[PDB]
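*Asks:* Sequence plus experimental coordinates follow:
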Amino acid sequence: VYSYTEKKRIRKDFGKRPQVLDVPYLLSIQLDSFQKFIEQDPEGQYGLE
Amino acid sequence: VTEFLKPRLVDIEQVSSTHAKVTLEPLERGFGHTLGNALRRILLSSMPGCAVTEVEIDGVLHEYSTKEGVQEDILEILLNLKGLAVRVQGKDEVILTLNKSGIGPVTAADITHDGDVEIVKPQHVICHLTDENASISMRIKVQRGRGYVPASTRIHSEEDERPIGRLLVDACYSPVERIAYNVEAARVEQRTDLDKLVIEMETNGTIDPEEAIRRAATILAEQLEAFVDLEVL
Amino acid sequence: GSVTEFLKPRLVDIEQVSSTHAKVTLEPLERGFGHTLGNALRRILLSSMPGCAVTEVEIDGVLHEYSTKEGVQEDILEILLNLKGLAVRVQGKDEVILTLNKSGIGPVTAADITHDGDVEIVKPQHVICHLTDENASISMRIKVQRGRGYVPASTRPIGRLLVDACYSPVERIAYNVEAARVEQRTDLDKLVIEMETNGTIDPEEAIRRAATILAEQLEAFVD
Amino acid sequence: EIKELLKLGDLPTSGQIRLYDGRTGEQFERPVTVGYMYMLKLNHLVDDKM
Amino acid sequence: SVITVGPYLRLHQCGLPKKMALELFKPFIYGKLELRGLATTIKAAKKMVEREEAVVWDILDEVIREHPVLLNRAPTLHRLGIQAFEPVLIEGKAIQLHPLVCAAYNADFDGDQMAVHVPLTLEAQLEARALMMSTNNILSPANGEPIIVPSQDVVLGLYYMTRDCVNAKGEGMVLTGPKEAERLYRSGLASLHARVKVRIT
Amino acid sequence: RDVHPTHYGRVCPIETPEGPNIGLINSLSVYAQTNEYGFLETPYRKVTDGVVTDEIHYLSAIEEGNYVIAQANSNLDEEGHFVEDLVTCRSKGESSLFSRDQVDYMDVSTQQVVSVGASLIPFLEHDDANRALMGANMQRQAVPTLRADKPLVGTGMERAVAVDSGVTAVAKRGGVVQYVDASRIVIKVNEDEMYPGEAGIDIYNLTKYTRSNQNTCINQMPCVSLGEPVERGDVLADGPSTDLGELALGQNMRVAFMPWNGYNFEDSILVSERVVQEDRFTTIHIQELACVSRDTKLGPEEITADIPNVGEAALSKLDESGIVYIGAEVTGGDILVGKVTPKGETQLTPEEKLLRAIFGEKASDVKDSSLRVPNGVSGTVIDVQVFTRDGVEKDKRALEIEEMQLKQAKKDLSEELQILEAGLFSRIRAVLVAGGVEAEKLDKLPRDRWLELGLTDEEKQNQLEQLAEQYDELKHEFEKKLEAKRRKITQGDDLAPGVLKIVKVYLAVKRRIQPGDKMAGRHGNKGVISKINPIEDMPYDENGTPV
Amino acid sequence: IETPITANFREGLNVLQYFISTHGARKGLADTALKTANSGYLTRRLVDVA
Amino acid sequence: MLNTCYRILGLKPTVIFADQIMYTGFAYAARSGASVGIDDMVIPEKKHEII
Ligand SMILES: [Mg+2]
């Protein structure tokens, strides 16, 4: 099934290997590091505390 | 035996509104390609077209702005307006006014009907109005030229373009898009080795096919006549 | 300006190398028109342009396609190669035939052919072959033929022998498009026609007939 | 799969068609490979370099 | 600037844009516009070439005519990395440059940039013509091998021309010169590879 | 500098900038996560007894060094078992060919070695590694063109890279599009995805024609139309170099491989003129020019349009307040901002004394330091931002711009309050069609009492009052945030010490393509284009189409 | 490496054969990176000795 | 050949020769149409047997 953005122009795919994992959200490194940094960490583990 | 058979054109299969297919029947040997590539280069090079040049939208300073109540940016409206094929019928330059209010698309049929300006396809969308009390007004300046004339070489002496609210579009006064000649055998009775050049042009709608071939052969023969009287040095 | 005025040639300046090798550089052409003029003229002159040359030659002794005549150091193949470049100019007679009966000592040139009033062998010093210093004979019924282009012998019974035919008087045409320049208009062509013929006609008249053919093909479409 | 795609359209399976010349109209010998490469444009623009 | 090919050049020539060549040859154009009477001072001769009149483009074609310029690539290794060329004016922004000399410069047209230079003084315009001109440097200084060898496209074209197949058109016909060979091939009557008895001289 | 047998799945081996730092500026692989401690771990799906169970375990480097990991190109027989009886794999750095029961893990996907940049080259595995490296390094310098097209040969990671950057506008709660302008999108939220407090109308304001760091045109145009249902995560507005939420860095062109008359000799590239007629590569560049007005010890540099020793030909384009008009087509050398600067002790040489006595001209105590356009750039002035230190008097231009910005912000808050009121009374009407339904009586009394209408003893009666106190909260919020925005606009600025007003003028150049410009494919097939060939000279196939 | 890479560039490479034949490229590119830095200094010395 | 011309004839009819070589080699690779397609890499049939 397809979303309504994919019923516009569905790109023909030659992938033969059945995929298992999605591509993860590509900006996890920078966002997760700065979320560890500025955070009220209740124990003294991460960032400012 | 040695004189020649001269080509005369035969039926013009107007197979679509834009398409065409002309045929030049009793051609001699080897002049098929000689006239075919000549006419392809001439037709594709230099024909009189009637593209647009200046659009003066009502409340618009520059093309890099948007307009409120319309869906395309102004630059996309200009890129839609460049491809507006229009055949001016009486004069050289002309000014077309477009006024449209309320939701819906704006095809080129909403351009104010002049007598001597015939929009060839009224389906050609221009901009998409997207609101109820939203309107547009522009003076499309259409003039007749030849060959690709960009806006950079257009501004020579500024031409008194003191209104800043007038946008300048690049011009493409050239009705043709593809020519593809094709030689074959000409089945006249008392002759074997003749050709029959089948030119299959694809205009945008402004130019007539017979007038395209007529201007092409005319401009070739008029470039030619520095030779038929040689005038040695 | 309008849409019907065009940059026309103004300075054709035909400088020639002394008999038959012009170089007609002409300019300014509109951008791209140099190539269409040059290619149209090149294919018209090279392919189909009327004139006369030699098609078949029978020898008195040799009936074979490639064999030995006695007294000549040149083979019959070499004699036909020399006969292909025989620049014949014919008047209103369409198909005339010639004879070359000469027994002698040295070379046989084009001066010792028979003479008709309508036949102009424009290079009398055109040697054909060389006889030995003997009573060796050579006599051929060489036939010229008025034609329109180049007809090789592969396209075409006594046994006569068949020459290649090159009726068109050109031998080498080569246009060359280079950039001209008007004081404001940037990109213009400058067609440099280079043309050498076989001397039966000057390169002025060759270019004039190439113009006349191309213009008279367009008589049905121009105004 | 590319050959079957080229046979789904009317194209020749080699991907190689007979280009003709521009200025003469004599056909090119040895027919050439035409297709649709996705070309880019980099910002080593000559007006920023000159 | 950036460089391009322009393979119509003769090998002592190079393409110079009308904007670099107007800039470099500035004091020569002042010295000529004073000479023609078109500007009696330098404060007028400056504002003439400032707005780039129609007559400052005819002066430039004079002051450029036999004045060599000095093209040079950035990793200058050997003495063939600086050569001289009589420039030819281009409506462009790039430096057109003969294909046979990119072997010497080790220049590719993938965005490699070359710098230009003006020999001002009268000795230097002769130094660049007698010693650094491109038609003078045809052998490498490192060894007697030639340096202006045909590189990659011309040689493939020359390979394709100088071949024979076993059965092409016109195989076996005899030919009365290297010019009937051109007339046969341009009329499409024989292929470019056909074993043919010609007469050469 | 070297690649390692541990880089596989963590660091891309073909994305590093060549030059002095090769392999010091490595790029992270696609699926490559990061540990608790920080060593790069990568997912692997565990082979059980004989089948590839999808328990995707992230394995770090030292833990990778023990097991026997299969390859992504190991055929599976639709149950999980490997097709062969011995399947290639890699144990400890070195590969092998182990028995199919011996293995311990299988790779996740074929992409997990390469980065996100090099996951966009179609037929990567056919290229050499050097040209793949140059393709990956050159694909991130592509200028976003006038109208970006598509990859006709894509990789599927187009959409994930386009969505997962911040360049487009993706919908947050799916719903029906209510109104799309050229710069804003108003989504009306679907019912179940709407939180019951607010009356959800998401307003996405796009970014229009602002500059990048590299002076390109970062610009967002809407892709959806009015009345179109979109879902969550759906892309509404293409960013720069995007098309329908796919990455479109360049434009795909009909190409041919043949040597054409030497004009494409080493890496040079012919381009037909019909390319530049179609404006396929006409990128827009937006530069920013600035003009500070310091406080020199001779006195303040003023800003006015009375500049000495310049004629009317340049002063036509400025207004009376010394700044240029928005929309003015400026070019090389024209005055943008006329800045007079004071000076003293002139002591003129007698040639200029004689000159000013010949023409009757006065000496000028103010020198001219006007911000003029640099030489060569000819753009269109699209924006003037006037800053002022507090206490300095704004001129007519800055007062005009502050009036315009205040009217825009007041209209913005009125638009949010009014269209939020439209959605508010739409949900109030949706409350008012159940349990005390007044099909015309609700339409009889006006919207003063729609959120105070009598219903049954349900949650909807104190949901009319909930949307009522929502609307009265908005009623005070509009005025308070209006005064906030008004005092935030009309306040002074925090400039440097000594500078009075800073005038930024944003040119916008629409650069064409020309001989000299560098183009490239996706595979290291770069080359500066070399001739804008016309349409006739470019070769044509037997149907008419010039390549 | 014992087990060689046995696919041409027409047939394409798998993941492992492409990973194996990438040390050979990152070794060659770093070679030309450091090679120019040495060869500049060599001819710098050679000019001043002569 | 462009060295024996330099040795036999001299400098000037070698500098005029290298331009004509380039002008001919470009013009006859233009008409050559010499492309490269994917069928031009003939993978050998005994490759599978050898492997
Ligand atoms: Mg390079």
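*Replies:* Received, thanks. Numbering: from 1, shown residues only, chains lettered A, B, ... in the order given.

*Asks:* Secondary structure of residue B:75: a helix, I assume?
*Replies:* Yes - under DSSP: H, G, I helix; E, B strand; the rest coil, residue B:75 falls within a helix.

*Asks:* wait, is residue F:252 part of a helix?
*Replies:* No - using three-state DSSP, the assignment for residue F:252 is strand, not a helix.

*Asks:* my guess is it contacts residue D:38, does it?
*Replies:* Yes - judged on Cβ atoms under 8 Å, residue F:252 makes contact with residue D:38 at a distance of 4.1 Å. The C-beta positions use only the backbone N, C-alpha and C, and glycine is treated the same way.

*Asks:* residues bridging contact with the two, i.e. touching both?
*Replies:* Common neighbours of residue F:252 and residue D:38, using Cβ atoms under 8 Å, 6 or more residues apart in numbering or on different chains, are F:151, F:152, F:153.

*Asks:* who's in contact with the nearest residue to the last one once chain neighbours are set aside?
*Replies:* Read that as residue F:153. Spatially, and ignoring its direct neighbours in sequence, residue F:153 is nearest to residue F:122 (4.6 Å; Cβ to Cβ, 6 or more residues apart in numbering or on different chains). Residues in contact with residue F:122, defined by Cβ under 8 Å, 6+ apart, are F:151, F:153, F:154, F:155, F:522.

*Asks:* How about residue G:6?
*Replies:* G:17, H:51.

*Asks:* of all of chain H, which residue lies closest to chain B?
*Replies:* Nearest residue of chain H to chain B: residue H:31, at 14.5 Å (Cβ to the nearest Cβ).

*Asks:* Tally up the residues packed near that residue, please.
*Replies:* Look at residue H:31: counted by other Cβ atoms under 10 Å in any protein chain shown, it has 22 neighbours.

*Asks:* quick one: it from the ion, how far?
*Replies:* 28 Å (Cβ to the ion, to the nearest Å).

*Asks:* so how far is residue E:98 from that residue?
*Replies:* Applying Cβ to Cβ, to the nearest Å, the value for residue H:31 to residue E:98 is 22 Å.

*Asks:* same check, this time on residue B:143
*Replies:* 43 Å.

*Asks:* neighbour count winner among the two?
*Replies:* More crowded of residue B:143 and residue E:98, by other Cβ under 10 Å: residue E:98, with 24 against 18.

*Asks:* Just to check, that one is in contact with residue E:4?
*Replies:* No - judged on Cβ under 8 Å, residue E:98 makes no contact with residue E:4 at a distance of 11.1 Å.

*Asks:* what about residue B:221, helix or strand, and which?
*Replies:* helix B:209-224 (DSSP states H and E).

*Asks:* Oops, could you answer that again for residue E:50 instead?
*Replies:* helix E:42-51.

*Asks:* Ok, residue E:88 next?
*Replies:* Residue E:88 belongs to strand E:82-90, assigned by DSSP H and E.

*Asks:* Using CSV, write out every CA atom in that strand.
*Replies:* In CSV, the C-alpha atoms belonging to strand E:82-90 read as follows (Å, rounded to 0.1, in the frame of the first residue of the first chain):
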residue,chain,number,x,y,z
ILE,E,82,55.2,28.6,-18.9
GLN,E,83,54.8,29.2,-22.6
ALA,E,84,53.8,32.1,-24.8
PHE,E,85,51.0,32.4,-27.2
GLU,E,86,49.7,35.1,-29.5
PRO,E,87,46.3,35.5,-28.1
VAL,E,88,43.0,35.5,-30.0
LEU,E,89,40.0,37.3,-28.6
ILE,E,90,37.0,35.3,-27.3
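
*Asks:* Report whether the biggest strand by length in chain D contacts chain H.
*Replies:* Using DSSP state E, we find that the single longest strand of chain D is strand D:32-41. Yes - Strand D:32-41 lies within reach of chain H by Cβ under 8 Å from any Cβ of the partner chain, at D:32, D:33.

*Asks:* Let me know the next secondary structure element after that strand.
*Replies:* Following strand D:32-41 in sequence, per DSSP H and E, is helix D:46-49.

*Asks:* do that next one and chain E meet at all?
*Replies:* Yes - using Cβ under 8 Å from any Cβ, helix D:46-49 comes into contact with chain E via D:46, D:47, D:49.

*Asks:* quick one: which of the residues you listed is most hemmed in?
*Replies:* residue D:46 (25 neighbours).

*Asks:* Please tell me I have it right and that one contacts residue E:94.
*Replies:* Yes - when contacts are counted by Cβ under 8 Å, residue D:46 is listed as touching residue E:94 (5.5 Å).

*Asks:* For the residue nearest the centre of chain B, which residues are in contact?
*Replies:* Closest residue to the average C-alpha location of chain B: residue B:175 at 2.1 Å, with Cα atoms, centre = their mean. Residues in contact with residue B:175 (Cβ under 8 Å, 6+ apart) are B:47, B:49, B:85, B:203, B:204, B:205, B:206, B:207, B:212.

*Asks:* Taking these, tell me the two that lie furthest apart.
*Replies:* The most widely separated members of those are B:85 and B:212, with 14.2 Å between them, by Cβ to Cβ.

*Asks:* out of the two, which sits in the more crowded spot?
*Replies:* Neighbours per residue (other Cβ under 10 Å) separate residue B:85 from residue B:212, with residue B:212 holding more: 24 against 21.

*Asks:* Could you pull out the buried residues of the helix holding residue E:50?
*Replies:* By neighbour count on 16 or more other Cβ atoms under 10 Å in any protein chain shown, the buried set for helix E:42-51 is E:45, E:48, E:49.
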